[PDB]
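Contents: one structure, followed by commentary.
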Amino acid sequence: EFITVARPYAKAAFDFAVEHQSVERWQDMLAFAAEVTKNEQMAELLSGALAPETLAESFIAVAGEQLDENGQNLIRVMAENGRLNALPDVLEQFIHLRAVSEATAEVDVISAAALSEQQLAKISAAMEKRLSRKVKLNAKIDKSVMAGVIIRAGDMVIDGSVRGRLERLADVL
Amino acid sequence: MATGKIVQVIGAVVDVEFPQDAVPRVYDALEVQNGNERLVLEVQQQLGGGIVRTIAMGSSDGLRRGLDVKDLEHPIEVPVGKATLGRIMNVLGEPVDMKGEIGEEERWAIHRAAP
Amino acid sequence: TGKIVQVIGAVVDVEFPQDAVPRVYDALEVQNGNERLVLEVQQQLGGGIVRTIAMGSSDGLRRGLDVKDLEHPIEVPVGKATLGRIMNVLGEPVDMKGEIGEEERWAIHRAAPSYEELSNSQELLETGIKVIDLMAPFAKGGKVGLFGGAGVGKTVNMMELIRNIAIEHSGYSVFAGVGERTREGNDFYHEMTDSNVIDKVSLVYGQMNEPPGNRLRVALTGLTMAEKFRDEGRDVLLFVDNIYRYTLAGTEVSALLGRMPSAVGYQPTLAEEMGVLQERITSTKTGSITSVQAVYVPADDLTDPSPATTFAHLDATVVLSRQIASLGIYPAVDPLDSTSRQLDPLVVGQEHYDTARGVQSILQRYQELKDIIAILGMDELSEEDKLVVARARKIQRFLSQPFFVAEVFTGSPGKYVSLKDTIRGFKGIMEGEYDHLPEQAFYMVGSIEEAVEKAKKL
Amino acid sequence: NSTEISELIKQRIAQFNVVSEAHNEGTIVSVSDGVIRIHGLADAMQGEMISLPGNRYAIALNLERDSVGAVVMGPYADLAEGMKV
Ligand SMILES: Nc1ncnc2c1ncn2[C@@H]1O[C@H](COP(=O)(O)OP(=O)(O)OP(=O)(O)O)[C@@H](O)[C@H]1O
Ligand SMILES: [Mg+2]
């Protein structure tokens with residue numbers, strides 16, 4: 001998967017955007033660059049073994065919403081190594097690094113039923129001290145858990161669901 | 001007019017990149033200026049993207065990346081006929097003795113099909 | 001739902017929606033021209049890609065073909081409905097007769113019986129073959145392995161074992177042809193039908209002409225039928241025409257599955273692939289399976305990993321040597337490499353054990369002397385060494401035996417030899433009672449009395 | 001704002017005339033020792049006869065994700081990258 005190869009490009013792009021205080025525009029440009037990659041004819045074009053410079057100049061043609069001095073440089077650098085398919089992953093790693101830099105964390109909450117605002121507030125307050133970062137909760141209550149709640153942040157998971165208790169109890173067999 | 005440029009030099013193996021519409025065929029002969037002498041390269045493999053991979057017919061030392069490459073469109077051609085008798089030649093058909101130029105009448109490609 | 005994305009020889013990759021990825025060993029179905037092609041899932045790659053092996057000819061497959069997901073593994077008919085019929089690897093009938101009256105179908109991939117269920121047995125099973133039951137006797141419900149190169153006579157020995165053993169065994173039998181000659185399968189089927197014993201035998205045939213998937217999975221179908229017969233509580237006989245082809249098919253498909261080569265280029269999972277198949281062929285407290293397996297030896301190298309791994313799974317091993325076969329001695333059993341778990345004084349008794357060990361020692365001494373004989377000739381030997389050589393040659397001749405199935409080759413009629421007669425004859429030969437007879441007297445004689453009768457006319 | 005940029009992408013690719021190859025047609029990507037790598041041929045099948053320029057054929061052995069591996073049923077030295085098949 002392009003996860004490992006996307007990292008240097010995402011890091012470089014994020015550092016550059018930080019030095020120029022233009023992170024949001026970069027994120028939008030990265031999203032646009034990731035969308036054109038998914039185009040069906042562009043996918044065949046990218047799969048073909050064109051020369052790096054001709055493929056790059058053809059890619060720049062389909063993008064008029066890019067900051068040319070920096071976005072074109074990015075695309076040409078990725079083109080010279082054939083990494084253009086990694087753009088959807090470069091975007092995700094750029095978002096992740098931005099969230100780390102802003103000390104902000106997304107948290108998913110799953111329960112049998114919709115929670116009250118006070119419970120959400122206590123959850124957010126506990127998680128902010130657990131992570132020492134700002135948090136943004138989202139609620140994705142589920143049909144299968146019949147009681148309790150699940151809290152997932154990053155990959156650390158706290159389970160209080162009754163389903164989890166039922167399975168953990170049967171394990172003592 | 002030279003159309004290709006050298007991109008890799010690893011021992012005797014030399015890689016040359018050509019425009020996509022002018023990639024030389026296999027077994028064709030290229031030549032480059034290796035300082036003060038012409039060095040002939042034989043095409044072995046056509047790689048993707050216009051890059052060709054060649055075996056140098058001579059000393060590879062002193063080759064820089066980016067040197068211009070002239071694409072001779074015929075395979076290695078050597079003089080033939082009565083003029084060759086009594087003469088010493090290398091693989092390229094150049095005289096190795098000091099007895100001057102060969103009075104060639106024809107030059108034939110070395111790669112040809114069997115009867 | 002699925003889409004084909006790669007076709008590399010026998011291996012086909014299929015992409016599925018990430019919520020519906022088929023499990024390992026699930027059977028898939030795809031229309032290939034004017035016929036239906038079954039694919040078996042081997043590996044789950046990332047992103048909903050799954051890697052499969054085609055149970056048929058993969059030519060004519062395009063990219064982007066729609067693939068249908070069956071929710072169950074390959075399941076084959078089992079039970080008495082399979083008796084007397086020829087069946088494909090997929091459990092389809094191959095004879096021109098109608099559909100199989102199946103009542104139940106079983107998945108071919110099954111777990112081995114647990115350690116508790118295993119049963120021990122020591123009932124010696126008699127054969128008509130002097131060398132086999134003398135040097136390497138085997139018990140009912142055990143494993144027998146015939147090792148040999150190309151052309152040494154594994155199949156002839158297996159047919160003779162079938163003929164002899166079927167006499168005192170009234171239960172069902174299963175014959176699984178794996179990657180062998182189709183001609184031999186047709187001949188066997190016709191000779192079974194002519195003898196009206198076909199109705200007791202289930203035949204699963206995937207021969208060498210088949211693509212690798214059929215040869216790879218065919219043995220498991222035969223094993224599943226044998227296990228069905230066993231769990232019913234019967235005593236079954238299983239014959240595998242060539243176990244080596246299964247590992248060979250694994251080797252052929254291994255590279256395309258993206259696995260690095262090992263050893264001599266075999267698949268890294270060679271030992272596990274062999275063990276998972278071999279462990280299911282076992283007698284159990286509910287029922288017993290007697291198994292005879294021919295094991296091809298590539299390039300006559302008994303040290304190749306494929307023969308080497310098989311040696312540990314078998315109870316009795318009979319090794320056939322090309323050098324002996326070139327002498328015209330048949331069966332070309334090598335008595336200094338053949339061995340059985342049953343050659344134990346407790347089970348076989350003292351007399352059989354002593355005769356076998358005496359024969360083994362005499363032949364070992366002859367092998368030791370042969371290097372001197374080659375250079376200096378026999379004249380240099382001591383007078384006891386010459387007697388050892390003379391007795392060893394007589395023993396080597398006496399091990400030969402005319403087979404009933406070989407009458408089409410030798411012409412001479414076959415012989416059946418009891419264990420009592422062979423042990424008495426070999427003990428008499430070693431004691432020197434017959435030292436006045438010529439070597440040729442013992443060649444291709446059933447019993448020692450026939451040997452002395454042949455001596456009168458030389 | 002995603003559907004509009006996607007249709008803008010379609011409009012732009014239409015403007016600059018980048019278009020996929022036709023089915024049953026492809027282009028030679030590389031040539032070495034008689035083995036041919038071909039891009040396209042979305043409707044090729046395993047074991048098919050692929051007609052080359054001139055009057056010779058290649059046999060499709062591998063249907064990779066992005067290319068077809070083929071062997072030339074004759075002299076291969078005259079073939080060149082970018083030839084239509
Ligand atoms: N008892 C016998 N008498 C005479 N010839 C015999 C005897 N047993 C085997 N042979 C010889 O063995 C030869 C080959 O036998 P068979 O077909 O069983 O070999 P195989 O080991 O199964 O070989 P393959 O590896 O080709 O399948 C026959 O041609 C036959 O002449
Ligand atoms: Mg055989």
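Simple scheme: letters A, B, ... for chains in structure tokens order, numbers from 1 for residues in each chain, numbers from 1 for ligands in the order shown.
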Check: Residues of chain D within 10 Å of chain C, using only C-alpha atoms, as a list in words?
Finding: residues 41, 42, 43, 44, 45, 46, 47, 48, 60, 61, 62, 63, 64, 65, 66, 67, 68 and 69 of chain D
Taking only C-alpha atoms into account, which residues of chain C are within 12 Å of chain A, as a tab-separated table (two decimals) with N, CA, C and O atoms, in the first residue's frame?
chain	number	residue	atom	x	y	z
C	45	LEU	N	-5.97	-11.22	0.20
C	45	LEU	CA	-5.11	-10.06	0.07
C	45	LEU	C	-5.84	-8.83	0.60
C	45	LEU	O	-7.00	-8.88	0.99
C	46	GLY	N	-5.14	-7.70	0.60
C	46	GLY	CA	-5.74	-6.47	1.09
C	46	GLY	C	-6.71	-5.87	0.09
C	46	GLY	O	-6.73	-6.18	-1.10
C	47	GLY	N	-7.55	-4.98	0.61
C	47	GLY	CA	-8.46	-4.22	-0.23
C	47	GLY	C	-9.50	-5.04	-0.95
C	47	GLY	O	-9.90	-4.70	-2.06
Kindly provide, as a ChimeraX atom specification, the residues of chain A having any atom no farther than 12 Å from an atom of chain D, counting only C-alpha atoms. /A:28-29,31-51,55,57-65
Write the residues of the selection above to a file with C-alpha atoms, as an mmCIF file, in the first residue's frame.
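Just written: part_12.cif:
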data_model
loop_
_atom_site.group_PDB
_atom_site.id
_atom_site.type_symbol
_atom_site.label_atom_id
_atom_site.label_comp_id
_atom_site.auth_asym_id
_atom_site.auth_seq_id
_atom_site.Cartn_x
_atom_site.Cartn_y
_atom_site.Cartn_z
ATOM 1 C CA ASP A 28 -7.823 21.888 -0.524
ATOM 2 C CA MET A 29 -5.248 21.494 -3.297
ATOM 3 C CA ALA A 31 -8.041 17.056 -2.007
ATOM 4 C CA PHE A 32 -8.453 18.291 -5.580
ATOM 5 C CA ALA A 33 -5.308 16.452 -6.685
ATOM 6 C CA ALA A 34 -6.659 13.305 -5.041
ATOM 7 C CA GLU A 35 -9.972 13.613 -6.886
ATOM 8 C CA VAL A 36 -8.501 13.873 -10.399
ATOM 9 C CA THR A 37 -6.455 10.738 -9.699
ATOM 10 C CA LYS A 38 -9.716 8.793 -9.336
ATOM 11 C CA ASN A 39 -10.928 9.798 -12.812
ATOM 12 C CA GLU A 40 -11.455 6.708 -14.954
ATOM 13 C CA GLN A 41 -9.528 7.946 -18.002
ATOM 14 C CA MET A 42 -6.862 9.532 -15.815
ATOM 15 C CA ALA A 43 -6.513 6.183 -14.036
ATOM 16 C CA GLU A 44 -5.682 4.472 -17.337
ATOM 17 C CA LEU A 45 -3.332 7.311 -18.249
ATOM 18 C CA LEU A 46 -1.524 6.935 -14.908
ATOM 19 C CA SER A 47 -1.321 3.161 -15.322
ATOM 20 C CA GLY A 48 0.385 3.511 -18.697
ATOM 21 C CA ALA A 49 4.165 3.820 -18.884
ATOM 22 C CA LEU A 50 4.400 7.399 -20.091
ATOM 23 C CA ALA A 51 7.540 9.435 -19.579
ATOM 24 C CA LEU A 55 2.611 12.547 -17.660
ATOM 25 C CA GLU A 57 2.533 18.105 -17.884
ATOM 26 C CA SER A 58 -0.645 16.231 -18.799
ATOM 27 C CA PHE A 59 -1.635 16.101 -15.130
ATOM 28 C CA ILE A 60 -1.059 19.838 -14.628
ATOM 29 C CA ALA A 61 -3.348 20.453 -17.601
ATOM 30 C CA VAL A 62 -6.324 18.886 -15.794
ATOM 31 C CA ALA A 63 -5.727 21.089 -12.724
ATOM 32 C CA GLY A 64 -6.331 24.835 -12.816
ATOM 33 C CA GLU A 65 -7.109 25.158 -9.111
#
For the interface of chain B with chain D (cut-off 8 Å, counting only C-alpha atoms), please tabulate each contacting residue of chain B alongside its nearest pair of atoms and their separation in Å to one decimal, rows sorted by chain and increasing number, as a Markdown table.
| residue | atom | partner | partner_atom | distance |
| --- | --- | --- | --- | --- |
| B:20 | CA | D:82 | CA | 7.7 |
| B:21 | CA | D:82 | CA | 7.5 |
| B:23 | CA | D:81 | CA | 6.9 |
| B:24 | CA | D:80 | CA | 7.3 |
| B:25 | CA | D:80 | CA | 5.5 |
| B:26 | CA | D:77 | CA | 5.3 |
| B:27 | CA | D:77 | CA | 7.1 |
| B:44 | CA | D:32 | CA | 7.4 |
| B:45 | CA | D:32 | CA | 4.9 |
| B:46 | CA | D:31 | CA | 5.1 |
| B:47 | CA | D:30 | CA | 5.1 |
| B:48 | CA | D:30 | CA | 5.2 |
| B:49 | CA | D:29 | CA | 7.7 |
| B:50 | CA | D:81 | CA | 7.5 |
Which residues of chain C come within 8 Å of ligand 1, and what is each one's closest atom pair and distance in Å (one decimal), counting only C-alpha atoms and all ligand atoms, sorted by chain and residue number, as JSON lines?
{"residue": "C:148", "atom": "CA", "partner": "ligand 1", "partner_atom_place_in_ligand_line": "21 (O)", "distance": 6.2}
{"residue": "C:149", "atom": "CA", "partner": "ligand 1", "partner_atom_place_in_ligand_line": "25 (O)", "distance": 6.2}
{"residue": "C:150", "atom": "CA", "partner": "ligand 1", "partner_atom_place_in_ligand_line": "25 (O)", "distance": 3.8}
{"residue": "C:151", "atom": "CA", "partner": "ligand 1", "partner_atom_place_in_ligand_line": "23 (O)", "distance": 3.7}
{"residue": "C:152", "atom": "CA", "partner": "ligand 1", "partner_atom_place_in_ligand_line": "21 (O)", "distance": 4.3}
{"residue": "C:153", "atom": "CA", "partner": "ligand 1", "partner_atom_place_in_ligand_line": "19 (O)", "distance": 3.3}
{"residue": "C:154", "atom": "CA", "partner": "ligand 1", "partner_atom_place_in_ligand_line": "21 (O)", "distance": 3.6}
{"residue": "C:155", "atom": "CA", "partner": "ligand 1", "partner_atom_place_in_ligand_line": "18 (O)", "distance": 3.4}
{"residue": "C:156", "atom": "CA", "partner": "ligand 1", "partner_atom_place_in_ligand_line": "18 (O)", "distance": 3.7}
{"residue": "C:157", "atom": "CA", "partner": "ligand 1", "partner_atom_place_in_ligand_line": "8 (N)", "distance": 6.4}
{"residue": "C:158", "atom": "CA", "partner": "ligand 1", "partner_atom_place_in_ligand_line": "18 (O)", "distance": 7.7}
{"residue": "C:180", "atom": "CA", "partner": "ligand 1", "partner_atom_place_in_ligand_line": "27 (O)", "distance": 6.8}
{"residue": "C:181", "atom": "CA", "partner": "ligand 1", "partner_atom_place_in_ligand_line": "27 (O)", "distance": 7.6}
{"residue": "C:294", "atom": "CA", "partner": "ligand 1", "partner_atom_place_in_ligand_line": "22 (O)", "distance": 7.9}
{"residue": "C:296", "atom": "CA", "partner": "ligand 1", "partner_atom_place_in_ligand_line": "25 (O)", "distance": 6.5}
{"residue": "C:325", "atom": "CA", "partner": "ligand 1", "partner_atom_place_in_ligand_line": "11 (C)", "distance": 7.9}
{"residue": "C:328", "atom": "CA", "partner": "ligand 1", "partner_atom_place_in_ligand_line": "4 (C)", "distance": 7.6}
{"residue": "C:329", "atom": "CA", "partner": "ligand 1", "partner_atom_place_in_ligand_line": "3 (N)", "distance": 7.8}
{"residue": "C:330", "atom": "CA", "partner": "ligand 1", "partner_atom_place_in_ligand_line": "1 (N)", "distance": 4.7}
{"residue": "C:331", "atom": "CA", "partner": "ligand 1", "partner_atom_place_in_ligand_line": "1 (N)", "distance": 5.2}
{"residue": "C:332", "atom": "CA", "partner": "ligand 1", "partner_atom_place_in_ligand_line": "8 (N)", "distance": 7.6}
{"residue": "C:400", "atom": "CA", "partner": "ligand 1", "partner_atom_place_in_ligand_line": "1 (N)", "distance": 7.8}
{"residue": "C:401", "atom": "CA", "partner": "ligand 1", "partner_atom_place_in_ligand_line": "1 (N)", "distance": 6.5}
{"residue": "C:402", "atom": "CA", "partner": "ligand 1", "partner_atom_place_in_ligand_line": "1 (N)", "distance": 5.4}
{"residue": "C:403", "atom": "CA", "partner": "ligand 1", "partner_atom_place_in_ligand_line": "1 (N)", "distance": 4.8}
{"residue": "C:405", "atom": "CA", "partner": "ligand 1", "partner_atom_place_in_ligand_line": "1 (N)", "distance": 7.6}
{"residue": "C:406", "atom": "CA", "partner": "ligand 1", "partner_atom_place_in_ligand_line": "3 (N)", "distance": 5.0}
{"residue": "C:407", "atom": "CA", "partner": "ligand 1", "partner_atom_place_in_ligand_line": "3 (N)", "distance": 7.6}
{"residue": "C:409", "atom": "CA", "partner": "ligand 1", "partner_atom_place_in_ligand_line": "4 (C)", "distance": 5.8}
{"residue": "C:410", "atom": "CA", "partner": "ligand 1", "partner_atom_place_in_ligand_line": "4 (C)", "distance": 5.6}
What separates atom CA of residue B:41 and atom CA of residue B:92 is a distance of 10.8 Å
Practice item. Enumerate, as a count of residues only, the complete set of residues in stretch 172-234 of chain C that a backbone-based DSSP assignment places in strand (DSSP E). Key: 12
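The smallest atom-to-atom distance between chain A and any of B:51, B:9, B:29, B:2, using only C-alpha atoms, is found for B:51.
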Alpha helix (DSSP H) per DSSP on the backbone: members of chain D, as an mmCIF file with N, CA and C atoms, in the first residue's frame:
data_model
loop_
_atom_site.group_PDB
_atom_site.id
_atom_site.type_symbol
_atom_site.label_atom_id
_atom_site.label_comp_id
_atom_site.auth_asym_id
_atom_site.auth_seq_id
_atom_site.Cartn_x
_atom_site.Cartn_y
_atom_site.Cartn_z
ATOM 1 N N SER D 2 -18.048 18.596 -3.952
ATOM 2 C CA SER D 2 -17.300 17.476 -4.516
ATOM 3 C C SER D 2 -17.851 17.050 -5.874
ATOM 4 N N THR D 3 -19.175 16.949 -6.000
ATOM 5 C CA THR D 3 -19.747 16.542 -7.278
ATOM 6 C C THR D 3 -19.442 17.556 -8.372
ATOM 7 N N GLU D 4 -19.461 18.846 -8.035
ATOM 8 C CA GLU D 4 -19.163 19.867 -9.029
ATOM 9 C C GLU D 4 -17.706 19.825 -9.466
ATOM 10 N N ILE D 5 -16.772 19.578 -8.544
ATOM 11 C CA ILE D 5 -15.381 19.488 -8.973
ATOM 12 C C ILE D 5 -15.142 18.202 -9.751
ATOM 13 N N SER D 6 -15.859 17.123 -9.426
ATOM 14 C CA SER D 6 -15.734 15.903 -10.221
ATOM 15 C C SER D 6 -16.221 16.115 -11.649
ATOM 16 N N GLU D 7 -17.347 16.802 -11.817
ATOM 17 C CA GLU D 7 -17.813 17.059 -13.170
ATOM 18 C C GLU D 7 -16.950 18.097 -13.871
ATOM 19 N N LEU D 8 -16.341 19.014 -13.116
ATOM 20 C CA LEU D 8 -15.341 19.908 -13.689
ATOM 21 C C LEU D 8 -14.135 19.125 -14.190
ATOM 22 N N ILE D 9 -13.734 18.091 -13.449
ATOM 23 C CA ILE D 9 -12.646 17.223 -13.886
ATOM 24 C C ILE D 9 -13.014 16.535 -15.190
ATOM 25 N N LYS D 10 -14.242 16.022 -15.275
ATOM 26 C CA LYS D 10 -14.687 15.406 -16.525
ATOM 27 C C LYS D 10 -14.693 16.419 -17.666
ATOM 28 N N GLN D 11 -15.139 17.644 -17.390
ATOM 29 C CA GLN D 11 -15.132 18.682 -18.414
ATOM 30 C C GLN D 11 -13.716 18.982 -18.879
ATOM 31 N N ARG D 12 -12.769 19.048 -17.943
ATOM 32 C CA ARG D 12 -11.399 19.397 -18.294
ATOM 33 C C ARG D 12 -10.730 18.280 -19.085
ATOM 34 N N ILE D 13 -10.919 17.024 -18.664
ATOM 35 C CA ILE D 13 -10.352 15.912 -19.426
ATOM 36 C C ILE D 13 -10.959 15.865 -20.819
ATOM 37 N N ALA D 14 -12.237 16.231 -20.945
ATOM 38 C CA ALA D 14 -12.819 16.337 -22.277
ATOM 39 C C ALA D 14 -12.159 17.456 -23.071
ATOM 40 N N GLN D 15 -11.883 18.583 -22.413
ATOM 41 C CA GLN D 15 -11.277 19.724 -23.091
ATOM 42 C C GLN D 15 -9.899 19.379 -23.647
#
>> Please list as a PyMOL selection string every residue within 7 Å of stretch 52-65 of chain B, counting only C-alpha atoms and excluding residues in the same chain fewer than 3 positions away.
In response: chain B and resi 6-8+11-17+34+39-47
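Atom CA of residue C:215 sits 21.7 Å away from atom CA of residue C:314.
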Exercise for the section: Show which residues sit within 8 Å of stretch 53-55 of chain D, as number ranges by chain. Count only C-alpha atoms, and ignore same-chain residues fewer than 2 positions away. Expected result: D: 51, 57, 83-85
Could you name the residues that touch stretch 89-92 of chain A at 12 Å or less, counting only C-alpha atoms, but leaving out those on the same chain fewer than 2 positions away, as an NGL selection string? :A and (1-14 or 23-24 or 26-35 or 37 or 74-75 or 78 or 83-87 or 94-99)
Restricting it to N, CA and C atoms, dump the selection as a compact mmCIF listing (two decimals), in the first residue's frame.
# COMPACT_ATOMS: atom_id res chain seq x y z
N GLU A 1 0.83 -1.20 0.00
CA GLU A 1 0.00 0.00 0.00
C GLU A 1 0.87 1.25 0.00
N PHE A 2 0.35 2.34 -0.56
CA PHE A 2 1.08 3.60 -0.64
C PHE A 2 1.23 4.31 0.70
N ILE A 3 0.89 3.67 1.82
CA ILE A 3 0.99 4.34 3.11
C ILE A 3 2.43 4.72 3.41
N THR A 4 3.37 3.80 3.17
CA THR A 4 4.76 4.04 3.54
C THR A 4 5.42 5.08 2.64
N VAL A 5 5.10 5.05 1.34
CA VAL A 5 5.74 5.98 0.40
C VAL A 5 5.11 7.36 0.45
N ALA A 6 3.89 7.49 0.96
CA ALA A 6 3.25 8.79 1.01
C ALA A 6 3.83 9.67 2.10
N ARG A 7 4.41 9.06 3.14
CA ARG A 7 4.85 9.80 4.32
C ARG A 7 5.83 10.94 4.02
N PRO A 8 6.93 10.73 3.29
CA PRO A 8 7.86 11.86 3.07
C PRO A 8 7.22 13.03 2.36
N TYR A 9 6.39 12.76 1.35
CA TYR A 9 5.75 13.84 0.62
C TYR A 9 4.79 14.61 1.52
N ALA A 10 4.01 13.90 2.33
CA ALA A 10 3.10 14.57 3.25
C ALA A 10 3.86 15.42 4.25
N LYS A 11 4.96 14.90 4.79
CA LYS A 11 5.73 15.65 5.78
C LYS A 11 6.33 16.90 5.15
N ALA A 12 6.94 16.76 3.97
CA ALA A 12 7.53 17.91 3.29
C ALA A 12 6.47 18.96 2.99
N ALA A 13 5.34 18.53 2.44
CA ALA A 13 4.27 19.47 2.11
C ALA A 13 3.76 20.19 3.35
N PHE A 14 3.62 19.46 4.46
CA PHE A 14 3.12 20.10 5.67
C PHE A 14 4.13 21.09 6.23
N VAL A 23 -1.81 26.39 5.27
CA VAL A 23 -2.15 24.98 5.40
C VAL A 23 -3.49 24.65 4.75
N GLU A 24 -4.50 25.50 4.97
CA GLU A 24 -5.84 25.20 4.47
C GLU A 24 -5.86 25.10 2.95
N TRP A 26 -3.39 24.36 0.99
CA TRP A 26 -2.70 23.12 0.66
C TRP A 26 -3.62 21.92 0.82
N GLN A 27 -4.38 21.87 1.90
CA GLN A 27 -5.31 20.77 2.10
C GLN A 27 -6.35 20.71 0.99
N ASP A 28 -6.86 21.87 0.58
CA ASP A 28 -7.82 21.89 -0.52
C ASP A 28 -7.18 21.45 -1.83
N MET A 29 -5.96 21.91 -2.10
CA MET A 29 -5.25 21.49 -3.30
C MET A 29 -4.99 20.00 -3.28
N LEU A 30 -4.60 19.46 -2.13
CA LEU A 30 -4.36 18.02 -2.03
C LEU A 30 -5.65 17.25 -2.27
N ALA A 31 -6.77 17.73 -1.74
CA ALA A 31 -8.04 17.06 -2.01
C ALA A 31 -8.37 17.06 -3.50
N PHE A 32 -8.18 18.21 -4.15
CA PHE A 32 -8.45 18.29 -5.58
C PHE A 32 -7.54 17.35 -6.36
N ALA A 33 -6.25 17.33 -6.01
CA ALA A 33 -5.31 16.45 -6.69
C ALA A 33 -5.67 14.99 -6.47
N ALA A 34 -6.23 14.67 -5.30
CA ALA A 34 -6.66 13.30 -5.04
C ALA A 34 -7.92 12.94 -5.82
N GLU A 35 -8.76 13.92 -6.14
CA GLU A 35 -9.97 13.61 -6.89
C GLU A 35 -9.69 13.32 -8.36
N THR A 37 -7.09 12.05 -9.60
CA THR A 37 -6.45 10.74 -9.70
C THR A 37 -7.49 9.63 -9.85
N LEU A 74 5.17 20.06 -6.48
CA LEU A 74 4.81 18.82 -5.81
C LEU A 74 4.48 17.72 -6.81
N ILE A 75 3.61 18.03 -7.77
CA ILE A 75 3.17 17.03 -8.74
C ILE A 75 4.34 16.53 -9.57
N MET A 78 6.45 14.15 -7.45
CA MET A 78 5.83 12.83 -7.37
C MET A 78 5.85 12.13 -8.72
N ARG A 83 4.90 8.25 -8.18
CA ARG A 83 4.13 8.15 -6.95
C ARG A 83 2.77 8.82 -7.04
N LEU A 84 2.34 9.23 -8.24
CA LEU A 84 1.10 10.00 -8.36
C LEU A 84 -0.09 9.27 -7.76
N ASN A 85 -0.10 7.94 -7.79
CA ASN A 85 -1.19 7.19 -7.19
C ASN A 85 -1.25 7.36 -5.67
N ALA A 86 -0.17 7.81 -5.05
CA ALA A 86 -0.12 7.95 -3.60
C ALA A 86 -0.86 9.17 -3.08
N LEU A 87 -1.33 10.05 -3.97
CA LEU A 87 -1.98 11.29 -3.54
C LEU A 87 -3.13 11.09 -2.56
N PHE A 94 -1.34 14.10 5.47
CA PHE A 94 -1.29 15.54 5.69
C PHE A 94 -2.34 15.96 6.72
N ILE A 95 -3.55 15.42 6.60
CA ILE A 95 -4.59 15.73 7.57
C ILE A 95 -4.18 15.26 8.96
N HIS A 96 -3.62 14.05 9.04
CA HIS A 96 -3.20 13.52 10.33
C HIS A 96 -2.12 14.38 10.96
N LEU A 97 -1.12 14.79 10.17
CA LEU A 97 -0.06 15.63 10.71
C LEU A 97 -0.59 17.00 11.11
N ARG A 98 -1.56 17.54 10.36
CA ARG A 98 -2.16 18.80 10.76
C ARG A 98 -2.88 18.66 12.10
N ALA A 99 -3.62 17.56 12.27
CA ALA A 99 -4.33 17.35 13.53
C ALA A 99 -3.37 17.17 14.69
